[PDB]
Amino acid sequence: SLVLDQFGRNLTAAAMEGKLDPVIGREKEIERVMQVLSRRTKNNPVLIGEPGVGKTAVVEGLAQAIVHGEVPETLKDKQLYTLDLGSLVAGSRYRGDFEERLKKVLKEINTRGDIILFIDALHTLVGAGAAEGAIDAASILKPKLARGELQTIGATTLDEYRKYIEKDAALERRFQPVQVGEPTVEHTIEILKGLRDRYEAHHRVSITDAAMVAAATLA
Amino acid sequence: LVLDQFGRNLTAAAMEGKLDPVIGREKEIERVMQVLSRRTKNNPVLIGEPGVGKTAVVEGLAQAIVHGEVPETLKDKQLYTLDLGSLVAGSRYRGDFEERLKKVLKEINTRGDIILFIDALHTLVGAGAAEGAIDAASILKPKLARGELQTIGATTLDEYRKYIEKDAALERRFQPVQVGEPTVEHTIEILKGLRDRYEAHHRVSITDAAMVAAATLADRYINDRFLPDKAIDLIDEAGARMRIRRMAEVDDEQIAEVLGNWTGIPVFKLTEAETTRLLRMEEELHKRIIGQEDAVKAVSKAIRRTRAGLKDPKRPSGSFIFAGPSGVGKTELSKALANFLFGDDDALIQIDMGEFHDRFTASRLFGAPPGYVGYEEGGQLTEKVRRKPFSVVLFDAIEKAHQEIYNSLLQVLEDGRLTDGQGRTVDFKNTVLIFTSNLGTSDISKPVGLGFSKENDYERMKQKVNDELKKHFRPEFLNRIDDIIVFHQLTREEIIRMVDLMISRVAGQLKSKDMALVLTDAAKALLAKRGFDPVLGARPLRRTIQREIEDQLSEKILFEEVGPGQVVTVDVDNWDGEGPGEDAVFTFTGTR
Amino acid sequence: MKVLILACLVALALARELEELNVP
Ligand SMILES: Nc1ncnc2c1ncn2[C@@H]1O[C@H](COP(=O)(O)OP(=O)(O)OP(=O)(O)O)[C@@H](O)[C@H]1O
Ligand SMILES: Nc1ncnc2c1ncn2[C@@H]1O[C@H](COP(=O)(O)OP(=O)(O)OP(=O)(O)O)[C@@H](O)[C@H]1O
Ligand SMILES: Nc1ncnc2c1ncn2[C@@H]1O[C@H](COP(=O)(O)OP(=O)(O)OP(=O)(O)O)[C@@H](O)[C@H]1O
Ligand SMILES: [Mg+2]
Ligand SMILES: [Mg+2]
Ligand SMILES: [Mg+2]
């Protein structure tokens, strides 16, 4: 795109450039969002979970699964863009500027047809660009999200899901809650073993297997 | 035209087959057509909970127009879903919004064959209202008067009153159409009408067994969504999980797998590894609790009722009073049951009721009412079960709560429901509720009456607990409990096995030091005989293992007399089981 | 015998500042 580069970060372009961390495990959660994204209608997974259990990582693990071809043919060669709502609000001082930016984004999604959207902090879609008389981004997306003509991943914490998304009961319907559970200690050691090379290369250190068994156990 | 650049022509979408078949809901499609032909209150606003098919009624109205199944006064009308987003978009200048809405309304009056549909009619308040500009609500309010604007609306029941109702002007013009949540039998007919859409998108086959299961299991195991979609959610995601496997038959069992992934409630058909695991569940709980066989069986009768699809679905999956003496495994069984069902005993929703002895700490269980601080996050009981409906909920020390809390939890055992602070009912029908009591231990001394009396510490202690129970609780609270289990005192032979269960925690922490902890049979006999109280059980044993093993080992490790890579063998010097067992002392010798 | 009257604190906040849409 060019409309969607300035309001989104392409995670599949980031996953080809090795700019996303490896997502070890979480494969039942990536399989789960590939089911919800493969649905006919309401094909919109919201990743709910406690803060830091890897909700943003599941999508980044999904974006790595796309570029390594480990997705179905439904999700094959999808360009996953993380919709920056803050960029989409920014500089919308005139009436309808926010709304026409979101319509130009949604028009670019429909013409390409290969765009998964990741609205990280999906609770910020409620009231997104809702100034004086300014139809928020939630009311614009709710026709698109209900009929399956927009494939959007949300990610919200469990507190922010009951505080902001469950208080708009029409919007929580359009999204399927994919519970991203907190890893076990054994699952977290696997995460640390697969993240080992990223933190060894960054800190110019070597991380013993004892240190990551301790880091998951002691934390 | 003017209406295509803002609205979506639903009638043209129904000609091209792009709208889903809206079967059923016919009595309310034709009721919308009744309201459009009225004298006043001729604007049908479809009110209903989100998901019951309010948009589908007008999508079913568009399909009725293109089939010629409408009256001649609504024949060949063009439904337009006027979205406010396309109407605000653009408008980077003045009046842009009022003239783009005047050109919409002029085009409705010019052709005269437009039935306007304003989905989310509550969002009409504050659309295009720019600085020195009037919103879309103020522009149309008038048009409604002239009756030059028959609109169809669609709000929720909350947002109908929250807005459309209030406006008194709208009241005499808008007519709330109840769009009811369909029944299970209506939803099956919706899913049968929607087979060919979801069987063609996923190129699967959806059996009649699956759609009956989709509408039945969605009504039963969800309390946050609504019949139409809640069940289309199961059909569509199962066809989506199935089309990942062929890269073609969605069955009863494939629906319950999707409901299992989504609610977290195991409703799916038991695998062979898990079927025998529930057969040996009492044997698997006995790996973590010693003795207490009547209590391990009764929580085994409850879990196996649930996985045999056989519990009363108007009542929690298990309801228990664990009662008896302090320290014999009431909380340990609740943690072991949560460790069985979830692999981790921190998955136990442990609501420790001793900190609820105030009258008004019930607001911690269900949440604050709205408008009072902490309403938005309120409920440490209700929100943890709203997220995990299949849960073991431990109400530890239930007798130390206030009486008004039991009346709150009385609806729980009756209906399986609990109204929280907001007012939403939280489904407790899949929970194992465990109300741990400590009654029958405030006088426990081998409880005897007067003299000359000639099996008193259970068969009798049990009826003392049940007597203290019913004089403390309401009788309608205890009749709802499935099993009231008075626990046994731990026998001396159970304390010997409780030594193995407690040394294994100490030995496991020495494995982190690469040390082993071997105890002789005389060492475990001495811990058991000095750790046996016939009135408390296993916490005097814990304290004995701390004082005699752990506090001595904590010195020996810090002295580095024993260290890493060294098996600490624990033998006893002096004494041989036949003495009093308090002249003898442990000795700690490292070997390798 | 005694009753404690608690005190249900209400959530009360100042009115929201709004952000404006410009019409030139
Ligand atoms: N399965 C995983 N494999 C590897 N790294 C993971 C995994 N899950 C999470 N992480 C890492 O954990 C850190 C935090 O994860 P992430 O930011 O996705 O959490 P989150 O649930 O989105 O949190 P928040 O709700 O606060 O945004 C990151 O370094 C991320 O890469
Ligand atoms: N009678 C019906 N026949 C067939 N499908 C139906 C019927 N009622 C609802 N549906 C389907 O259920 C799903 C949700 O319906 P719809 O979007 O109209 O609900 P809604 O109440 O308008 O939702 P919201 O409040 O979020 O706008 C859609 O897939 C719709 O086609
Ligand atoms: N029957 C038992 N089987 C195994 N371990 C037990 C048993 N009873 C007690 N223990 C051990 O003692 C610990 C504390 O006992 P626990 O809290 O389970 O007793 P309780 O009777 O529920 O307590 P209380 O009566 O004070 O409410 C347990 O975590 C476990 O280590
Ligand atoms: Mg995140
Ligand atoms: Mg709708
Ligand atoms: Mg206890």
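Worth knowing before you read on, the calculation uses all heavy atoms, side chains too, and leaves out hydrogens, waters and symmetry mates. Both ligands and their constituent atoms are indexed starting at 1 by order of listing. Chain A is the first sequence line, chain B the second, and so forth, proteins listed ahead of strands; every chain is numbered from 1.
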Starting from [atom], locate the nearest protein heavy atom and write down its residue, its atom name and how far away it is, to 0.1 Å.
atom	value
atom 21 (O) of ligand 2	B/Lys54 NZ, 2.6 Å
atom 15 (O) of ligand 2	B/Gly53 CA, 3.6 Å
atom 12 (O) of ligand 2	B/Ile232 CD1, 3.4 Å
atom 27 (O) of ligand 2	A/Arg174 NH2, 2.8 Å
atom 13 (C) of ligand 2	B/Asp229 OD2, 3.8 Å

Name the residue from A/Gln35, A/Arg39, A/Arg32, A/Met34 that meets the side-chain contact (heavy atoms from CB on, under 4.5 Å) definition with B/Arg241.
A/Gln35
So, is [X] polar-close to ligand 2, with some N/O to N/O distance under 3.5 Å?
X	result
A/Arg147	yes
B/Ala56	yes
B/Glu59	no

Which of the numbered atoms in ligand 2 are under 4.0 angstrom from any heavy atom belonging to B/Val22?
1 (N), 2 (C), 3 (N), 4 (C)
If you count the atoms of ligand 2 from 1 in the order shown, which ones are under 4.0 Å from a heavy atom of B/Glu49?
21 (O)
Short question: side chain of B/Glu189, backbone of B/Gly24 - any donor-acceptor pair under 3.5 Å?
no
Are B/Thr81 and B/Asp119 close enough that a side-chain donor and a side-chain acceptor fall under 3.5 Å?
no
Are [X] and [Y] within salt-bridge range, i.e. N to O under 4.0 Å?
X	Y	result
B/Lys18	B/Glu16	yes
A/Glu172	B/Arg225	yes
A/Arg162	A/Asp159	yes
A/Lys55	A/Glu29	no
B/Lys162	B/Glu159	no

Give the contacting part of [X] toward ligand 2: side chain, backbone, both or neither, where contact means a heavy-atom distance below 4.0 Å.
X	result
B/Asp20	side chain
B/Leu46	neither
B/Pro21	backbone
B/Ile190	side chain
A/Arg173	side chain

Go through B/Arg387 and A/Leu158 one step at a time and tell me if the side-chain contact (heavy atoms from CB on, under 4.5 Å) criterion holds.
CA-CA 9 Å; B/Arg387 293 189 295 270; A/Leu158 290 172; 3.7 Å; yes
Residues, nucleotides or ligands: over 12 heavy atoms within 6.0 Å of A/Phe7 CZ
yes
Considering residues, nucleotides and ligands other than B/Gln5, do more than 12 of their heavy atoms fall under 6.0 Å from its CD?
yes
Tell me, please: is [X] in heavy-atom contact with ligand 2, that is, under 4.0 Å?
X	answer
B/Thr156	no
A/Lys142	no
B/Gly51	yes
A/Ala169	no

Return the option from B/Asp119, B/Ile47, B/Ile23 holding the heavy atom at the smallest distance from atom 3 (N) of ligand 2.
B/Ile23
Taking atom CG of B/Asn261 and atom CD of B/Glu257, what is their separation to the nearest 0.5 Å?
7.5 Å
